[PDB]
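Chains as they are written, first to last, in the UniProt record's numbering: chain A, 38 to 52; chain B, 17 to 146; chain C, 55 to 106; chain D, 159 to 210; chain E, 22 to 171, 203 to 237; chain F, 72 to 192, 197 to 214, 220 to 239; chain G, 2 to 135, 148 to 248.
C-beta atoms are modelled at their ideal positions from N, C-alpha and C, and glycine is treated no differently.
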Amino acid sequence: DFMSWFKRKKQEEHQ
Amino acid sequence: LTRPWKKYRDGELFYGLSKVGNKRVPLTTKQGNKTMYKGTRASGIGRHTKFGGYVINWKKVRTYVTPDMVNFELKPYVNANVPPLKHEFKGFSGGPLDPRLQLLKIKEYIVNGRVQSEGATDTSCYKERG
Amino acid sequence: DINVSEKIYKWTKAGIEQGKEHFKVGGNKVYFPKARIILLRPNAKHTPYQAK
Amino acid sequence: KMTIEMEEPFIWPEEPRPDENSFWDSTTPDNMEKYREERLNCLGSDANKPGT
Amino acid sequence: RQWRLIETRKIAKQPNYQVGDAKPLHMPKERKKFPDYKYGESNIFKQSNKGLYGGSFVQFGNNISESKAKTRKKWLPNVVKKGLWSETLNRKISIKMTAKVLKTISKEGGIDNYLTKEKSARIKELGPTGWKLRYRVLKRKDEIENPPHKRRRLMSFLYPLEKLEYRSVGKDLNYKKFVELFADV
Amino acid sequence: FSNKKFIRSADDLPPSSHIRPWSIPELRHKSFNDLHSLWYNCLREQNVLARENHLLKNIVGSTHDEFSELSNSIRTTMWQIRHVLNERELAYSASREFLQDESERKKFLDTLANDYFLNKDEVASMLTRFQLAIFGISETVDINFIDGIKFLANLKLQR
Amino acid sequence: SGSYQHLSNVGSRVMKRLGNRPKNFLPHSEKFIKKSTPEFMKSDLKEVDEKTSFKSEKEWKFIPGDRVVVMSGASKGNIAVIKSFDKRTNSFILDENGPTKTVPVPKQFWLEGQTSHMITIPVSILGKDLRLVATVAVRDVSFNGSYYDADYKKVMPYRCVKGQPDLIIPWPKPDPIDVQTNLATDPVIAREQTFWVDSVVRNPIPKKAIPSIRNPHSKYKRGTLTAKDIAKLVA
RNA sequence: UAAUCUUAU
RNA sequence: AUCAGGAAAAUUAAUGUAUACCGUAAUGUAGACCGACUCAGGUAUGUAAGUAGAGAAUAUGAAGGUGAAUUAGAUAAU
RNA sequence: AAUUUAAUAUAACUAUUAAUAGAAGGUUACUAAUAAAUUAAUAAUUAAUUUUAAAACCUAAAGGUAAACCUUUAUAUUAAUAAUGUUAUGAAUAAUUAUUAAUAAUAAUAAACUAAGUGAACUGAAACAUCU
Ligand SMILES: [Mg+2]
Ligand SMILES: [Mg+2]
Ligand SMILES: [Mg+2]
Ligand SMILES: [Mg+2]
Ligand SMILES: [Mg+2]
Ligand SMILES: [Mg+2]
Ligand SMILES: [Mg+2]
Ligand SMILES: [Mg+2]
Ligand SMILES: [Mg+2]
Ligand SMILES: [Mg+2]
Ligand SMILES: [Mg+2]
């Protein structure tokens, strides 16, 4: 769950 | 010392964790005598010679036949904007293997001549006869 | 006329020239092979002209 | 594992930096493994001992 | 008397096979030559499967002394090898018999007669060998009574024509196959 | 490789929402050659992923598994393709069996004759398609071919 | 790792035994797992089995994108748009307004614009703990009809408020998947029909391809009996 | 000695 | 010399031959096998530098390998 | 709205009673997938009934073997055609490919209960031998 959240956060940061 | 961090005699082995274990476990290619030949299902290809050689039998050799005109535009995945299609075979107990259905399809082909279906024409479509 | 190894070499050369198989193709036609292969990184013992 | 010899050479592309690629970055999984080792193999007063 | 060691025997009930049904996993190579013997084949005095023992199995009982010290003994039947003439087969048939069985044969007036007696008791005290012998005799008697006519050439005449017709269509045809086709017709 | 990359990053990979495996129905109306090509593309993709997946598991010791999931998905599509290929053959065999039963075939021929042939308010095109469909007659020789010729002659006589 | 285990299925029985642990020794199994995992990784909720997993959109009462009020918790009476569900746990990850925990995190997993190792992260939460909203919260939702969605591209059900069925709670329209990948075939080519059932004489796929398609020496496919075979069998 | 039995071809 | 010494599986000519599978590390008079142990035990074969010699005895040791899960001191009685 | 108590789970065995019926393991990989129909009640559905796909190798009994391997050659003949190249004189002889017809094959099978065959001894008799 955490890993997925972190990935989502990274994606958001990118875009 | 065998390993310099272990100065004193713990019950650690020279190699590995345990000497003992289940001896009854299937043989591999590496194990056994010089005469022990396991094999790996790789070569029922040719025939063993009287003298100890081998003679390949090319009619019994695997080729991997690739299409001469490769449709590269077909990809391993489909675009997810396309819905997953669903066929319906109402009035056919056999389903897609129903001979009556096949006959009907043949008849349609004869009449019309390679007309594309609902799903094939319209990408927005999700259910279909054929 | 000529020895076996030499004949084989000649055949291989001919196949290369053709752009056909450089080897005798078998008859057991597998249309839909399921086998995958993993291209490995090269070891020190291999050259740039090798792949494992 | 089957080595092949081929008439043209080939050299792999250079492996990426830790910052560049997400997956090819061995620090995280190795750290996690180390932490697991510490926690399972921690016995008594090494619970108080600070983590590596 | 009784036929306990015979009529106790049970054999696996074979399911009746329809022509359209699926095969069993192990179908035999050569076909069944003889009819099934009701009482199988003896699984104790297997010595007696090879001969006409007349349902006389080996006994086990006790040797008993003056001290009544019991000791296990066995009581074998008076078996004897005997080549006896079959009128039906027109040959003498050599087999192991009990002396009792030989006596019965003599009483009945022949070996064929002994084999073919319709009583169930006889059937029980025939062996599997005895059953086979009976079948051989009975079949022979039937043949003697009733020769086929009281067709093969017609088949032979038609066969080459049939083959030619097949060839004209495109396929080849062999005798054995032709025979198989036109057995029921 | 893929775009000459030692390893596809998370951004370089195709995202899960955008990608779908093939549907069996979709596969069912694709030609044999096309299906074969698709299969080989799938296999190629698996190889690329397999190389990468191995590297990930063996060297870095990851548990990210995107590549593995992709490989699985491709494998699913492949077996679906294999299934449809088998299914088509079976359907053909069933049709052949049906045609072999003579009365049924005769009925089918009669039905064909009634509706589309011998009618008004194209015919040649239908015949040419029908010829290919039912008999071995394109534009070589057999009993079936002969039968088809006879049928064609009969139709001509009728018309 | 240096494993090679992933290219095979070796020690299969042992793996099965390990994988399918008895359920009454599940606490035993997970106690050590919990210990192993760091605080920022581990979750409080029970990792449910794939049998008892909400695969359908009826089984999940809520979809990623819809707005939900939280209750039975610390951040209760809080509206939150649910971001993504977790499949193994059977739970939802809410946005900033939902329930969170502040936990230390290593510099491998640092977001751009962080001073401290301490970071607030969203905890998972069950469908039981949170109720829909439309402002008015919904006590319970029921499904009675179904229809093809244009955006979702599925035959989805109609979310109706429990009791009065005409009050429909509509599904949240998802984000547009702008697909630009080399491994996804486009809509036109993906669906274009290249096959038609035409020939009865010529079989569609060649005879040499059959062995790949099906096993010609299949032990399962039993042969049918004949008259001669019957005669051979029967005495 | 076409009771039985042993051997060889 | 008496102790009297295995078994079993053709040749010319023409036409062929694209050469399958498995073994290959290291250890093996041993810490890597059999002895409950990194056990002075047990464990098959071939080379086994020269100088010396009757020699594979014995001395030395070119090369190679090794100097060790105990050390440092002290060295009473025993 | 929550808490407690008692009962119920795909997720315990044991004994009894009642009712009903007579049933795959392992090995490791080129992983061993499924598709449908009709009926029920108000398009998706759950339920019932029926059809249908694939399914490696080993588990005495195709033939071997040192279980998960090897060898047999059903991606075979044999024939009939069609297309190709060579030999010798339009017809003949061999090889390769592609259709059509013909030819055989896959024992992993319970355990308890029953019936039959053979049939102990310790032990008891305060010994022991009939007897048990
Ligand atoms: Mg070895
Ligand atoms: Mg060799
Ligand atoms: Mg070496
Ligand atoms: Mg040892
Ligand atoms: Mg000892
Ligand atoms: Mg030692
Ligand atoms: Mg010396
Ligand atoms: Mg030296
Ligand atoms: Mg067998
Ligand atoms: Mg006593
Ligand atoms: Mg005494």
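Proximity below 8 Å, CB of residue i to CB of residue j
i, j, result
"residue 97 (chain B)", "residue 192 (chain G)", "yes"
"residue 164 (chain G)", "residue 207 (chain F)", "no"
"residue 150 (chain B)", "residue 69 (chain C)", "Nothing about residue 150 (chain B) can be reported from this structure: the residues present for chain B run from 17 to 146 only."
"residue 92 (chain B)", "residue 108 (chain F)", "no"
"residue 142 (chain B)", "residue 161 (chain G)", "yes"
"residue 139 (chain F)", "residue 129 (chain F)", "no"
"residue 204 (chain G)", "residue 79 (chain B)", "no"
"residue 185 (chain D)", "residue 174 (chain D)", "no"
"residue 130 (chain B)", "residue 209 (chain G)", "yes"
"residue 104 (chain E)", "residue 115 (chain E)", "yes"
"residue 28 (chain E)", "residue 60 (chain E)", "yes"
"residue 150 (chain E)", "residue 75 (chain E)", "no"
"residue 118 (chain F)", "residue 62 (chain C)", "no"
"residue 237 (chain E)", "residue 239 (chain G)", "no"
"residue 141 (chain G)", "residue 131 (chain G)", "The model contains no atoms for residue 141 (chain G), which sits in the stretch where chain G goes from 135 to 148 directly."
"residue 201 (chain G)", "residue 173 (chain G)", "no"
"residue 110 (chain E)", "residue 137 (chain E)", "no"
"residue 78 (chain F)", "residue 168 (chain D)", "no"
Exposure of residue i, with buried meaning 16 or more beta-carbon neighbours within 10 Å
i, result
"residue 91 (chain G)", "buried"
"residue 186 (chain F)", "exposed"
"residue 112 (chain F)", "buried"
"residue 131 (chain F)", "buried"
"residue 81 (chain G)", "buried"
"residue 95 (chain B)", "buried"
"residue 77 (chain E)", "buried"
"residue 190 (chain G)", "exposed"
"residue 47 (chain E)", "exposed"
"residue 119 (chain G)", "exposed"
"residue 246 (chain E)", "No answer is possible for residue 246 (chain E): the residues shown for chain E start at 22 and end at 237."
"residue 33 (chain E)", "exposed"
"residue 90 (chain F)", "buried"
"residue 203 (chain E)", "exposed"
Below-8 Å beta-carbon distance, residue i vs any chain F residue
i, result
"residue 62 (chain C)", "no"
"residue 179 (chain D)", "yes"
"residue 174 (chain D)", "yes"
"residue 102 (chain C)", "no"
"residue 58 (chain B)", "no"
Residue-chain proximity (residue i, chain G), Cβ-Cβ < 8 Å
i, result
"residue 135 (chain B)", "yes"
"residue 163 (chain F)", "yes"
"residue 43 (chain E)", "yes"
"residue 104 (chain B)", "no"
Short CB-CB distance (under 8 Å) between residue i and chain B
i, result
"residue 106 (chain C)", "no"
"residue 205 (chain G)", "yes"
"residue 213 (chain F)", "no"
Residue-level contact to chain D via CB, residue i, 8 Å cutoff
i, result
"residue 125 (chain F)", "no"
Any C-beta of chain C under 8 Å from that of residue i
i, result
"residue 225 (chain G)", "yes"
Worksheet item: What does the shell around ligand 1 hold, if a residue joins when its beta-carbon is under 7 Å from any heavy atom?
Response: B:46, B:47
Item to complete: Could you tell me whether the segment 163 to 175 of chain F touches the segment 111 to 123 of chain B, using the rule of 3 or more Cβ pairs below 8 Å?
Response: yes
Practice prompt. Could you tell me whether the segment 219 to 227 of chain E touches the segment 49 to 66 of chain B, where touching means 3 or more Cβ pairs closer than 8 Å?
Written response: no
Worksheet item: Counting Cβ pairs, one atom from each stretch, are 3 or more of them under 8 Å apart for the segment 60 to 78 of chain E and the segment 113 to 132 of chain E?
Response: yes
Worksheet item: Within the chosen definition, does the segment 110 to 126 of chain G reach the segment 40 to 50 of chain G through at least 3 CB pairs nearer than 8 Å?
Response: yes
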